[PDB]
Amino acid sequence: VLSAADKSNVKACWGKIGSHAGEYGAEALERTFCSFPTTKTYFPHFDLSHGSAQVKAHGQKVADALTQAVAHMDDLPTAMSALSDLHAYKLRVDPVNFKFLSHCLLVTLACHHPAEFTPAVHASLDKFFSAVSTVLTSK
């Protein structure tokens, strides 16, 4: 129940993000550790200081995962199956944390791309990040 408008809203916006994706995913995570400090319990082994290369590296791995969900909006349960193993089984990440991250993905995209952050696009991104969170936490 992403609609035709959601999908193309999102592909268009992701299209514009381009090769800043990993940059943004780095920033989203930083924002999340910072605004929502319990998210850190899940990274007790990273260097989580400002500019930390580890967070940057992870930022890329996140943004790539999302690029690949944008490519496969029609079968997210399929596309993201490995990743929902990880987060649902191995890591047990409370669904509350996902809300924190997607909120910070929104703030980040808003900070850098206000021209596309129109209310309709904002509506679609929020649905998309939800769909991805449901798929990642559903087992």
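For every residue, the number given is its place in the sequence shown, counted from 1.
- Hey, which bit's got the bigger mean C-alpha B factor in the entry, 67 to 75 or 105 to 113? That would be 67 to 75.
- Mean Cα B-factor comparison, 45 to 53 or 30 to 38, giving the higher one as deposited: According to the PDB entry, the answer is 45 to 53.
- Task: Could you say whether, by C-alpha temperature factor, residue 58 belongs to the lowest, middle or highest third of its chain?
- Result: Lowest third.
- residue 25 - which third its CA temperature factor falls in, relative to the rest of the chain: According to the entry, residue 25 has a C-alpha B-factor in the chain's lowest third.
- Query: Which third, lowest, middle or highest, does the CA B-factor of residue 131 fall in along this chain?
  - Reply: Within its chain, residue 131 is a lowest-third residue by C-alpha B-factor, going by the deposited values.
- Could you say whether, by C-alpha temperature factor, residue 123 belongs to the lowest, middle or highest third of its chain? Lowest third - that is where residue 123 ends up once the chain's C-alpha B-factors are sorted.
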